[PDB]
Amino acid sequence: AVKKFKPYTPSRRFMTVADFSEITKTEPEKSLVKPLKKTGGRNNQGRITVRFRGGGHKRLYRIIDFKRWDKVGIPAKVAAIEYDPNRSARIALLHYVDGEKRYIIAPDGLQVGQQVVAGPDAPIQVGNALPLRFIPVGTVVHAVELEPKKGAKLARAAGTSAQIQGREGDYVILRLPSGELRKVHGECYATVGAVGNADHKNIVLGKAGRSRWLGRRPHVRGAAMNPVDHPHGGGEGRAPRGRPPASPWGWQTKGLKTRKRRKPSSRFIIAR
Amino acid sequence: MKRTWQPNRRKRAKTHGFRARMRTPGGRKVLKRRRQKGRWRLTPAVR
RNA sequence: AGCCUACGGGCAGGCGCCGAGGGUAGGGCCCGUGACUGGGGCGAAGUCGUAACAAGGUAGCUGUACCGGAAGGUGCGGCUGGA
RNA sequence: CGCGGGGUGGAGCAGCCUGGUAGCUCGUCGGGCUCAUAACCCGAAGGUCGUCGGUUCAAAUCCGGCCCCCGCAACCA
RNA sequence: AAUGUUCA
RNA sequence: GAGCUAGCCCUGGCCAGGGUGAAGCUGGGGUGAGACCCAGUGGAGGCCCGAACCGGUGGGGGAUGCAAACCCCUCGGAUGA
RNA sequence: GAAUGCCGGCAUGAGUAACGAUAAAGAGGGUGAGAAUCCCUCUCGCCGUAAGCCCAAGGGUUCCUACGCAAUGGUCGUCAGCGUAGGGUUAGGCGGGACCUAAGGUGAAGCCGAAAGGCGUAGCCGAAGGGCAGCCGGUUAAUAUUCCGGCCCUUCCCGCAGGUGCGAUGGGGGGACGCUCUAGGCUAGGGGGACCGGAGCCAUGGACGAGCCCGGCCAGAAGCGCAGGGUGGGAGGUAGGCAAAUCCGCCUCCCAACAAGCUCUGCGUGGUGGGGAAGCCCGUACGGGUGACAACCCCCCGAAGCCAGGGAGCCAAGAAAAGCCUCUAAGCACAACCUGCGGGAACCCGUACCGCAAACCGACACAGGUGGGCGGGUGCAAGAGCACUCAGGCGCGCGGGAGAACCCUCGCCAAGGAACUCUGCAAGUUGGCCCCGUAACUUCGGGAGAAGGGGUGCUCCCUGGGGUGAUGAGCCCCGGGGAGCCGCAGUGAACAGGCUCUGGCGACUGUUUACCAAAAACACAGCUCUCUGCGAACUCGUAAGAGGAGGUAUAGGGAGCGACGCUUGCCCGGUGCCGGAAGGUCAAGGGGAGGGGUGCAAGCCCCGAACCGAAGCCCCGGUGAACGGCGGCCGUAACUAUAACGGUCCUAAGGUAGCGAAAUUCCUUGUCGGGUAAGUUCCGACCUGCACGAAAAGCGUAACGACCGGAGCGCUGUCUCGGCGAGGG
RNA sequence: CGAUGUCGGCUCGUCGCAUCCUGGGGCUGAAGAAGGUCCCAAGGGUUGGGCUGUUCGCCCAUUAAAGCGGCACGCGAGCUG
Ligand SMILES: [Mg+2]
Ligand SMILES: [Mg+2]
Ligand SMILES: [Mg+2]
Ligand SMILES: [Mg+2]
Ligand SMILES: [Mg+2]
Ligand SMILES: [Mg+2]
Ligand SMILES: [Mg+2]
Ligand SMILES: [Mg+2]
Ligand SMILES: [Mg+2]
Ligand SMILES: [Mg+2]
Ligand SMILES: [Mg+2]
Ligand SMILES: [Mg+2]
Ligand SMILES: [Mg+2]
Ligand SMILES: [Mg+2]
Ligand SMILES: [Mg+2]
Ligand SMILES: [Mg+2]
Ligand SMILES: [Mg+2]
Ligand SMILES: [Mg+2]
Ligand SMILES: [Mg+2]
Ligand SMILES: [Mg+2]
Ligand SMILES: [Mg+2]
Ligand SMILES: [Mg+2]
Ligand SMILES: [Mg+2]
Ligand SMILES: [Mg+2]
Ligand SMILES: [Mg+2]
Ligand SMILES: [Mg+2]
Ligand SMILES: [Mg+2]
Ligand SMILES: [Mg+2]
Ligand SMILES: [Mg+2]
Ligand SMILES: [Mg+2]
Ligand SMILES: [Mg+2]
Ligand SMILES: [Mg+2]
Ligand SMILES: [Mg+2]
Ligand SMILES: [Mg+2]
Ligand SMILES: [Mg+2]
Ligand SMILES: [Mg+2]
Ligand SMILES: [Mg+2]
Ligand SMILES: [Mg+2]
Ligand SMILES: [Mg+2]
Ligand SMILES: [Mg+2]
Ligand SMILES: [Mg+2]
Ligand SMILES: [Mg+2]
Ligand SMILES: [Mg+2]
Ligand SMILES: [Mg+2]
Ligand SMILES: [Mg+2]
Ligand SMILES: [Mg+2]
Ligand SMILES: [Mg+2]
Ligand SMILES: [Mg+2]
Ligand SMILES: [Mg+2]
Ligand SMILES: [Mg+2]
Ligand SMILES: [Mg+2]
Ligand SMILES: [Mg+2]
Ligand SMILES: [Mg+2]
Ligand SMILES: [Mg+2]
Ligand SMILES: [Mg+2]
Ligand SMILES: [Mg+2]
Ligand SMILES: [Mg+2]
Ligand SMILES: [Mg+2]
Ligand SMILES: [Mg+2]
Ligand SMILES: [Mg+2]
Ligand SMILES: [Mg+2]
Ligand SMILES: [Mg+2]
Ligand SMILES: [Mg+2]
Ligand SMILES: [Mg+2]
Ligand SMILES: [Mg+2]
Ligand SMILES: [Mg+2]
Ligand SMILES: [Mg+2]
Ligand SMILES: [Mg+2]
Ligand SMILES: [Mg+2]
Ligand SMILES: [Mg+2]
Ligand SMILES: [Mg+2]
Ligand SMILES: [Mg+2]
Ligand SMILES: [Mg+2]
Ligand SMILES: [Mg+2]
Ligand SMILES: [Mg+2]
Ligand SMILES: [Mg+2]
Ligand SMILES: [Mg+2]
Ligand SMILES: [Mg+2]
Ligand SMILES: [Mg+2]
Ligand SMILES: [Mg+2]
Ligand SMILES: [Mg+2]
Ligand SMILES: [Mg+2]
Ligand SMILES: [Mg+2]
Ligand SMILES: [Mg+2]
Ligand SMILES: [Mg+2]
Ligand SMILES: [Mg+2]
Ligand SMILES: [Mg+2]
Ligand SMILES: [Mg+2]
Ligand SMILES: [Mg+2]
Ligand SMILES: [Mg+2]
Ligand SMILES: [Mg+2]
Ligand SMILES: [Mg+2]
Ligand SMILES: [Mg+2]
Ligand SMILES: [Mg+2]
Ligand SMILES: [Mg+2]
Ligand SMILES: [Mg+2]
Ligand SMILES: [Mg+2]
Ligand SMILES: [Mg+2]
Ligand SMILES: [Mg+2]
Ligand SMILES: [Mg+2]
Ligand SMILES: [Mg+2]
Ligand SMILES: [Mg+2]
Ligand SMILES: [Mg+2]
Ligand SMILES: [Mg+2]
Ligand SMILES: [Mg+2]
Ligand SMILES: [Mg+2]
Ligand SMILES: [Mg+2]
Ligand SMILES: [Mg+2]
Ligand SMILES: [Mg+2]
Ligand SMILES: [Mg+2]
Ligand SMILES: [Mg+2]
Ligand SMILES: [Mg+2]
Ligand SMILES: [Mg+2]
Ligand SMILES: [Mg+2]
Ligand SMILES: [Mg+2]
Ligand SMILES: [Mg+2]
Ligand SMILES: [Mg+2]
Ligand SMILES: [Mg+2]
Ligand SMILES: [Mg+2]
Ligand SMILES: [Mg+2]
Ligand SMILES: [Mg+2]
Ligand SMILES: [Mg+2]
Ligand SMILES: [Mg+2]
Ligand SMILES: [Mg+2]
Ligand SMILES: [Mg+2]
Ligand SMILES: [Mg+2]
Ligand SMILES: [Mg+2]
Ligand SMILES: [Mg+2]
Ligand SMILES: [Mg+2]
Ligand SMILES: [Mg+2]
Ligand SMILES: [Mg+2]
Ligand SMILES: [Mg+2]
Ligand SMILES: [Mg+2]
Ligand SMILES: [Mg+2]
Ligand SMILES: [Mg+2]
Ligand SMILES: [Mg+2]
Ligand SMILES: [Mg+2]
Ligand SMILES: [Mg+2]
Ligand SMILES: [Mg+2]
Ligand SMILES: [Mg+2]
Ligand SMILES: [Mg+2]
Ligand SMILES: [Mg+2]
Ligand SMILES: [Mg+2]
Ligand SMILES: [Mg+2]
Ligand SMILES: [Mg+2]
Ligand SMILES: [Mg+2]
Ligand SMILES: [Mg+2]
Ligand SMILES: [Mg+2]
Ligand SMILES: [Mg+2]
Ligand SMILES: [Mg+2]
Ligand SMILES: [Mg+2]
Ligand SMILES: [Mg+2]
Ligand SMILES: [Mg+2]
Ligand SMILES: [Mg+2]
Ligand SMILES: [Mg+2]
Ligand SMILES: [Mg+2]
Ligand SMILES: [Mg+2]
Ligand SMILES: [Mg+2]
Ligand SMILES: [Mg+2]
Ligand SMILES: [Mg+2]
Ligand SMILES: [Mg+2]
Ligand SMILES: [Mg+2]
Ligand SMILES: [Mg+2]
Ligand SMILES: [Mg+2]
Ligand SMILES: [Mg+2]
Ligand SMILES: [Mg+2]
Ligand SMILES: [Mg+2]
Ligand SMILES: [Mg+2]
Ligand SMILES: [Mg+2]
Ligand SMILES: [Mg+2]
Ligand SMILES: [Mg+2]
Ligand SMILES: [Mg+2]
Ligand SMILES: [Mg+2]
Ligand SMILES: [Mg+2]
Ligand SMILES: [Mg+2]
Ligand SMILES: [Mg+2]
Ligand SMILES: [Mg+2]
Ligand SMILES: [Mg+2]
Ligand SMILES: [Mg+2]
Ligand SMILES: [Mg+2]
Ligand SMILES: [Mg+2]
Ligand SMILES: [Mg+2]
Ligand SMILES: [Mg+2]
Ligand SMILES: [Mg+2]
Ligand SMILES: [Mg+2]
Ligand SMILES: [Mg+2]
Ligand SMILES: [Mg+2]
Ligand SMILES: [Mg+2]
Ligand SMILES: [Mg+2]
Ligand SMILES: [Mg+2]
Ligand SMILES: [Mg+2]
Ligand SMILES: [Mg+2]
Ligand SMILES: [Mg+2]
């Protein structure tokens, strides 16, 4: 239900806004254990590391429950679907029968007023978390942990999802969103189902102002610089790079792989 | 137009203050040299 | 401010609305013409190739899509106006 | 004017570097196949090597001088 | 495994 | 040495006055149900004209100047990067 | 005797330029030795969303008063922001600190680093932010929300009096938050008034009249009244709020669903306190007295301000901690906490003055720059614009003459209107509001203020809506209709688009070379390639560590192209990148065939070939939205001409689509056609592209542009071709 | 080279003659007019536009003529850029 605008002014006929119908009447956030002061910054102690960062609207970091093994066997009731400006996906407010209030990365199809649980039993239903060794092979899963007892770290973006291909001893083969086949331990929890907000890929920023609102500064091309500032820079009008394309630091940016060859995690990867 | 000197008691006392000099070896050597030379004002006068 | 034959009237005259036409400006239809360009019809004996009619020597035709000096070729699907 | 590459049968290319013998394709001529042409098959002719010289016993081949053709360069104020 | 100028 | 300047961080402030009338709502129309069409309502946008404000397009003057970047006329933006 | 030598002094230009905005001065009197320049008075000119008031930064004696003018003041100066001396800045309520946290800084624990030192959860510091109890008048020459007067508050400490289990830096709530648009009632502010209060006035032809002119408020506890914000109330169970709670949270019933009720603001009213014009008389450098027993009332407009944490829409999703309430634990229930009343205690710093400027920043009394609040009245539709003008403040610290050239700024002009010139550069036309009326084209929004027009003042009469008013008079907004008057001219002055046609480039709003370039350059949404499995890739750092990111392939880094429509062809021979457990080579190392130097000797010391030896290179493949490249010579068609066609050489392949004398074309003002009287420019075509061409993108495209080129219309001193006048020199 | 500002235009001229015109003259294949060529002569005059930065040049309408050249390819302490 992607929202479109009329061409009453330029940069609007193409501007696109995501559908906010899934967001229930819960515009304000929660507290006691919820958004904390988010320290916005574009650099480390001193100089800038990640270039072209800054500006952007002010935000509050919604603390999410990535390690859902803290309340094993305890049910929960989905009471709301909120907006998180720090993530591409939607968050969900949970009210455990136990008494706590934590946010889970709202998966796709998860509606308000639904029971959810995490643990060994944990019936196979959208939103439930189980160890990978318990989930049936061929089911879509998200929020997978890399190593056990380290929190959810894989397939947690808008619309992303992983699939179980098979088991091997204490490890299970997972088809990550990038198509890479990975061996993940069986004790790593993972929330079954997709993530949702698949329309996030169809959104169109429209104008540069929307990019500035998101905190993305105008990226300057290397060819539009000087040789002191970039390897492609310099030369007379529109030089065709005159050399293999490279980054401002020298390393090439066209097919040059940069993964550490001698890595202990190499014997766990099967695909690209 | 706007010139380079825009007085500020706060900035002047924090950037050229006596405590700031003692915090770094550079400022310490600055005070050392000024003492050796016999300066009447080892640090900028701030009221 | 005039003239009158019956004058709380008329005439001449003055002002106003409309008003043919002229001017200004901008649209709509049609007609002629225009360097150049597109394909078309016709034109006894010009060049290149063989597409089709006999399984025309790759069955032919067709809608579409792409490519090719050119007929045309190929892909997808359809037809018997073929076996 | 300058720099470097080429002038070879009728057409297009080698052969030059390391001198002795000029080959490839097309084309032309004669004869085959066809009813006739093309295609194809069998034989053969065809070259003052741009020219003027000199080095050698000897020059397409090596060295000079001119006649053409091809490309590059002709900037600074 | 191509082709057969024009009219009768 | 970032009391100028460039960028970023935290915290505050400012932007007179006019227009254009997007979405959405309500009613009516339409259909088997819709799409959709009319009004009325509604006030969106790096929207429009134009002050404060931020600039610096073209001309003139200034040239041991008012000024080691100025003054006059004109000009761009002016709820947004 | 020279070095554009150094330091100092004095010459020249020279009594020349200038004397710092063209807002403006004139006169009488006084002081004084000396007044254009100091003081007073009268006339005149200027500002007035300021050139007027109030804070903040900065400045530091500049403020007041007395006595002075050698120097500072662009002249004088009796004057001063200058010298000498004296005086002057009063706080529990204003601001900051004995309160809080943010960026950030620091930093016990801890980590890192040759040393210096770097990082770092807790805590600490860290302020126009949070929290927090004062309003109105009088006084000095100089201080006031500080002193005084009135009224009203806040902390503590000690007591009594009544209640409750009190009780923590601990748990919970709360504090607490975006942008835009708005509702109801108020208040600030302002307009009017036949009502009220006033010293006075009849001028010059008329006016004793609802005549003229001035003024008709401020604050104010409880108690009221009017708006408005917050807030559901009980009974059970509970595993969570890192110990425990009656508190919070989660379930299950019963009543509210409402502001009904509790508190909490704002505003009127209120015991009472204060102020009170214009004019005249005075002596000031200025204020005093009277005016006064002042009166202190009624309408209308009305905020951007208040009730505030109000409401609604939207996406980009909008600080923390303390104060505050509540809950319980240690310990203690002789303690303690809440309320009322008494008595008592309440510190440290600033307070003068300038403060859009002569006191700050610019070496200067510099036409420059400098944050926040108030910023009135009338009219022009509106308004912080414009013109004039309250309050208030100035005439800019050299003047007096004259009426040349010439210069700046400004006005007007016969006839012609771009003939000027690189170009209509400049200047001129137009110009606001209301109503008609608007084309090709298009992304259906636009283009559109298209273009081109008409009305615009004043008077009289008739008539329709509202708002405050009781369904009414008035008062304030909006209209409509008909008669008439004047002038050359009715947004009668000031503020206020010239317009169209057609190309190049760029999609567009934006950004940049402060101090010569604002663009076709950069950026931009969007497309594509590539890398990156999370201790990610990349980046800063020797490291620790941090950013990425408290993000996870719809995410993040790099690169190119730059909306959008249609597209983006061939070559992997070379370079790069990617994939290849084969093979060649390949250093340290293993390894010892064999040899050497010394010893009488065991020995010790050297070299040292086979063979095993990674990366890398060679080798084998892929990959162009990777770096790059994408032919030559001949002949041919039944008029010529050209070549659909063929031959041959080479290459890795031999530029297709779409454009083309173009931001690209040397020859070149190529050749035709159009605009013109005439056109090296411009526009449309031809194609012979020296030397376009497909993401250093190609061909187009509505809209957009202080970009660049051409044309036309309207208009004009640009010009023929000058002339006159105004002010500043 | 411890500086001689270099194109073109505007303003201001001035000079040379081997003269565009006007004045005088001689031949002519000069009947006359109108021409051709040559000699003497500069006193004076030698237009306005379109294109281009132009000098130059090509056109438009004329003219008695629409001359050539020097003066730092005259002239920027005169201007334009
Ligand atoms: Mg809390
Ligand atoms: Mg830090
Ligand atoms: Mg630091
Ligand atoms: Mg870019
Ligand atoms: Mg550059
Ligand atoms: Mg640098
Ligand atoms: Mg650098
Ligand atoms: Mg480089
Ligand atoms: Mg450069
Ligand atoms: Mg180039
Ligand atoms: Mg380059
Ligand atoms: Mg009668
Ligand atoms: Mg056939
Ligand atoms: Mg067939
Ligand atoms: Mg066939
Ligand atoms: Mg094919
Ligand atoms: Mg088929
Ligand atoms: Mg050859
Ligand atoms: Mg050869
Ligand atoms: Mg034969
Ligand atoms: Mg040079
Ligand atoms: Mg050079
Ligand atoms: Mg044939
Ligand atoms: Mg700064
Ligand atoms: Mg700063
Ligand atoms: Mg508005
Ligand atoms: Mg509507
Ligand atoms: Mg609006
Ligand atoms: Mg705007
Ligand atoms: Mg605009
Ligand atoms: Mg504007
Ligand atoms: Mg303001
Ligand atoms: Mg500024
Ligand atoms: Mg700028
Ligand atoms: Mg300017
Ligand atoms: Mg410009
Ligand atoms: Mg200028
Ligand atoms: Mg000058
Ligand atoms: Mg404009
Ligand atoms: Mg604007
Ligand atoms: Mg000497
Ligand atoms: Mg000397
Ligand atoms: Mg000198
Ligand atoms: Mg000298
Ligand atoms: Mg002298
Ligand atoms: Mg004199
Ligand atoms: Mg002189
Ligand atoms: Mg003089
Ligand atoms: Mg003078
Ligand atoms: Mg002055
Ligand atoms: Mg006297
Ligand atoms: Mg301050
Ligand atoms: Mg101060
Ligand atoms: Mg003093
Ligand atoms: Mg004084
Ligand atoms: Mg005195
Ligand atoms: Mg003096
Ligand atoms: Mg003295
Ligand atoms: Mg003096
Ligand atoms: Mg001075
Ligand atoms: Mg005296
Ligand atoms: Mg003094
Ligand atoms: Mg104390
Ligand atoms: Mg504090
Ligand atoms: Mg604290
Ligand atoms: Mg603190
Ligand atoms: Mg901190
Ligand atoms: Mg140490
Ligand atoms: Mg540190
Ligand atoms: Mg810290
Ligand atoms: Mg403190
Ligand atoms: Mg504070
Ligand atoms: Mg505060
Ligand atoms: Mg206070
Ligand atoms: Mg005072
Ligand atoms: Mg007071
Ligand atoms: Mg008091
Ligand atoms: Mg208690
Ligand atoms: Mg307490
Ligand atoms: Mg009032
Ligand atoms: Mg009144
Ligand atoms: Mg009265
Ligand atoms: Mg009288
Ligand atoms: Mg009041
Ligand atoms: Mg309850
Ligand atoms: Mg507990
Ligand atoms: Mg209610
Ligand atoms: Mg009151
Ligand atoms: Mg009250
Ligand atoms: Mg009084
Ligand atoms: Mg008085
Ligand atoms: Mg609200
Ligand atoms: Mg909090
Ligand atoms: Mg604390
Ligand atoms: Mg409370
Ligand atoms: Mg103390
Ligand atoms: Mg004071
Ligand atoms: Mg004060
Ligand atoms: Mg101010
Ligand atoms: Mg000043
Ligand atoms: Mg100053
Ligand atoms: Mg000073
Ligand atoms: Mg000073
Ligand atoms: Mg002055
Ligand atoms: Mg100014
Ligand atoms: Mg300002
Ligand atoms: Mg106002
Ligand atoms: Mg006003
Ligand atoms: Mg009027
Ligand atoms: Mg008004
Ligand atoms: Mg107006
Ligand atoms: Mg205001
Ligand atoms: Mg004004
Ligand atoms: Mg006054
Ligand atoms: Mg005239
Ligand atoms: Mg006239
Ligand atoms: Mg005209
Ligand atoms: Mg002209
Ligand atoms: Mg013209
Ligand atoms: Mg001319
Ligand atoms: Mg021109
Ligand atoms: Mg032009
Ligand atoms: Mg102009
Ligand atoms: Mg006018
Ligand atoms: Mg238009
Ligand atoms: Mg147009
Ligand atoms: Mg329209
Ligand atoms: Mg109009
Ligand atoms: Mg009138
Ligand atoms: Mg009212
Ligand atoms: Mg009413
Ligand atoms: Mg009229
Ligand atoms: Mg106007
Ligand atoms: Mg144009
Ligand atoms: Mg062009
Ligand atoms: Mg642009
Ligand atoms: Mg384009
Ligand atoms: Mg722009
Ligand atoms: Mg610049
Ligand atoms: Mg510069
Ligand atoms: Mg400029
Ligand atoms: Mg610009
Ligand atoms: Mg695109
Ligand atoms: Mg660093
Ligand atoms: Mg490093
Ligand atoms: Mg990190
Ligand atoms: Mg992070
Ligand atoms: Mg990416
Ligand atoms: Mg990216
Ligand atoms: Mg580009
Ligand atoms: Mg299109
Ligand atoms: Mg390509
Ligand atoms: Mg290749
Ligand atoms: Mg390769
Ligand atoms: Mg290969
Ligand atoms: Mg490799
Ligand atoms: Mg070895
Ligand atoms: Mg060894
Ligand atoms: Mg190897
Ligand atoms: Mg022929
Ligand atoms: Mg061929
Ligand atoms: Mg091709
Ligand atoms: Mg062409
Ligand atoms: Mg070209
Ligand atoms: Mg023509
Ligand atoms: Mg032409
Ligand atoms: Mg053309
Ligand atoms: Mg190109
Ligand atoms: Mg390319
Ligand atoms: Mg482009
Ligand atoms: Mg194009
Ligand atoms: Mg266009
Ligand atoms: Mg522009
Ligand atoms: Mg355009
Ligand atoms: Mg003139
Ligand atoms: Mg004159
Ligand atoms: Mg004058
Ligand atoms: Mg020189
Ligand atoms: Mg010299
Ligand atoms: Mg002569
Ligand atoms: Mg003659
Ligand atoms: Mg004669
Ligand atoms: Mg004759
Ligand atoms: Mg003669
Ligand atoms: Mg020349
Ligand atoms: Mg001459
Ligand atoms: Mg010359
Ligand atoms: Mg010259
Ligand atoms: Mg000059
Ligand atoms: Mg010049
Ligand atoms: Mg000179
Ligand atoms: Mg130039
Ligand atoms: Mg210029």
# chains A, B, ... in the order shown; residues from 1 in each chain; ligands from 1

call {"tool": "residues_around", "arguments": {"residues": "segment 36-51 of chain D", "least_positions_apart": "2", "cutoff": "10 Å", "atoms": "only C-alpha atoms (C1' of nucleotides)", "output": "list in words"}}
result
residues 7, 8, 9, 10, 22, 28, 29, 30, 31, 32, 33, 34, 60, 66, 67 and 68 of chain D; 1, 2, 3 and 4 of chain E

call {"tool": "interface_residues", "arguments": {"of": "chain A", "to": "chain F", "cutoff": "10 Å", "atoms": "only C-alpha atoms (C1' of nucleotides)", "output": "list in words"}}
result
residues 4, 5, 6, 7, 8, 9, 10, 11, 12, 39, 40, 41, 42, 43, 48, 52, 53, 54, 55, 207, 208, 209, 210, 211, 212, 213, 217 and 218 of chain A

call {"tool": "residues_near_ligand", "arguments": {"ligand": "ligand 82", "cutoff": "10 Å", "atoms": "only C-alpha atoms (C1' of nucleotides) and all ligand atoms", "output": "JSON, numbers by chain"}}
result
{"G": [195, 196, 197, 198]}

call {"tool": "residues_near_ligand", "arguments": {"ligand": "ligand 145", "cutoff": "12 Å", "atoms": "only C-alpha atoms (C1' of nucleotides) and all ligand atoms", "output": "list in words"}}
result
residues 539, 540, 541, 542 and 543 of chain G

call {"tool": "residues_near_ligand", "arguments": {"ligand": "ligand 39", "cutoff": "12 Å", "atoms": "only C-alpha atoms (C1' of nucleotides) and all ligand atoms", "output": "list in words"}}
result
residues 48, 49, 50, 57, 75, 76, 77 and 78 of chain F; 497, 705 and 706 of chain G

call {"tool": "select_by_dssp", "arguments": {"residues": "chain B", "states": "alpha helix (DSSP H)", "output": "number ranges by chain"}}
result
B: 9-15, 18-23, 25-37

call {"tool": "residues_near_ligand", "arguments": {"ligand": "ligand 42", "cutoff": "12 Å", "atoms": "only C-alpha atoms (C1' of nucleotides) and all ligand atoms", "output": "list in words"}}
result
residues 1, 2, 3, 4, 5, 6 and 7 of chain G

call {"tool": "write_last_selection", "arguments": {"atoms": "C-alpha atoms (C1' of nucleotides)", "output": "PDB file, in the first residue's frame"}}
result
ATOM      1  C1'   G G   1      78.683  58.435  -1.370  1.00  0.00           C
ATOM      2  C1'   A G   2      75.939  55.147  -3.115  1.00  0.00           C
ATOM      3  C1'   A G   3      74.070  48.357  -1.276  1.00  0.00           C
ATOM      4  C1'   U G   4      65.110  50.158  -3.555  1.00  0.00           C
ATOM      5  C1'   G G   5      71.349  49.360   3.032  1.00  0.00           C
ATOM      6  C1'   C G   6      69.968  50.568   9.026  1.00  0.00           C
ATOM      7  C1'   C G   7      68.563  54.310  12.910  1.00  0.00           C
TER       8        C G   7
END

call {"tool": "residues_near_ligand", "arguments": {"ligand": "ligand 1", "cutoff": "10 Å", "atoms": "only C-alpha atoms (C1' of nucleotides) and all ligand atoms", "output": "ChimeraX atom specification"}}
result
/A:31-33 /G:171-174,321

call {"tool": "write_last_selection", "arguments": {"atoms": "N, CA, C and O atoms (P, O5', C5', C4', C3', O3' and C1' of nucleotides)", "output": "PDB file, in the first residue's frame"}}
result
ATOM      1  N   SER A  31       8.596   3.475  28.131  1.00  0.00           N
ATOM      2  CA  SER A  31       9.724   3.860  28.982  1.00  0.00           C
ATOM      3  C   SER A  31      10.006   2.768  30.016  1.00  0.00           C
ATOM      4  O   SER A  31       9.553   1.625  29.881  1.00  0.00           O
ATOM      5  N   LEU A  32      10.776   3.143  31.044  1.00  0.00           N
ATOM      6  CA  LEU A  32      11.288   2.386  32.192  1.00  0.00           C
ATOM      7  C   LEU A  32      12.418   1.467  31.751  1.00  0.00           C
ATOM      8  O   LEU A  32      13.382   1.239  32.490  1.00  0.00           O
ATOM      9  N   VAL A  33      12.309   0.970  30.528  1.00  0.00           N
ATOM     10  CA  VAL A  33      13.310   0.194  29.815  1.00  0.00           C
ATOM     11  C   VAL A  33      12.837   0.359  28.380  1.00  0.00           C
ATOM     12  O   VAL A  33      12.112  -0.493  27.865  1.00  0.00           O
TER      13      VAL A  33
ATOM     14  P     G G 171      16.578   2.270  41.644  1.00  0.00           P
ATOM     15  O5'   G G 171      15.203   1.550  42.011  1.00  0.00           O
ATOM     16  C5'   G G 171      15.010   0.164  41.769  1.00  0.00           C
ATOM     17  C4'   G G 171      13.546  -0.198  41.780  1.00  0.00           C
ATOM     18  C3'   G G 171      12.637   0.666  40.918  1.00  0.00           C
ATOM     19  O3'   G G 171      12.653   0.315  39.546  1.00  0.00           O
ATOM     20  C1'   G G 171      11.680   0.438  43.054  1.00  0.00           C
ATOM     21  P     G G 172      12.411   1.444  38.428  1.00  0.00           P
ATOM     22  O5'   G G 172      10.894   1.886  38.640  1.00  0.00           O
ATOM     23  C5'   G G 172       9.829   1.029  38.260  1.00  0.00           C
ATOM     24  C4'   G G 172       8.485   1.657  38.523  1.00  0.00           C
ATOM     25  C3'   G G 172       8.243   3.020  37.893  1.00  0.00           C
ATOM     26  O3'   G G 172       7.873   2.953  36.528  1.00  0.00           O
ATOM     27  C1'   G G 172       7.596   3.086  40.155  1.00  0.00           C
ATOM     28  P     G G 173       8.247   4.161  35.534  1.00  0.00           P
ATOM     29  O5'   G G 173       7.140   5.266  35.836  1.00  0.00           O
ATOM     30  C5'   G G 173       5.756   4.959  35.752  1.00  0.00           C
ATOM     31  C4'   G G 173       4.922   6.000  36.454  1.00  0.00           C
ATOM     32  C3'   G G 173       5.064   7.420  35.929  1.00  0.00           C
ATOM     33  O3'   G G 173       4.231   7.658  34.812  1.00  0.00           O
ATOM     34  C1'   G G 173       5.214   7.422  38.293  1.00  0.00           C
ATOM     35  P     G G 174       4.795   8.456  33.543  1.00  0.00           P
ATOM     36  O5'   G G 174       5.005   9.942  34.083  1.00  0.00           O
ATOM     37  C5'   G G 174       3.916  10.719  34.569  1.00  0.00           C
ATOM     38  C4'   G G 174       4.418  11.892  35.376  1.00  0.00           C
ATOM     39  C3'   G G 174       5.376  12.819  34.639  1.00  0.00           C
ATOM     40  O3'   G G 174       4.676  13.859  33.978  1.00  0.00           O
ATOM     41  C1'   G G 174       6.303  12.187  36.739  1.00  0.00           C
ATOM     42  P     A G 321      17.493   9.965  32.838  1.00  0.00           P
ATOM     43  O5'   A G 321      17.873  10.794  34.146  1.00  0.00           O
ATOM     44  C5'   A G 321      19.140  10.630  34.766  1.00  0.00           C
ATOM     45  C4'   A G 321      19.582  11.879  35.488  1.00  0.00           C
ATOM     46  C3'   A G 321      18.693  12.356  36.624  1.00  0.00           C
ATOM     47  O3'   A G 321      18.875  11.634  37.825  1.00  0.00           O
ATOM     48  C1'   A G 321      19.255  14.189  35.267  1.00  0.00           C
TER      49        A G 321
END
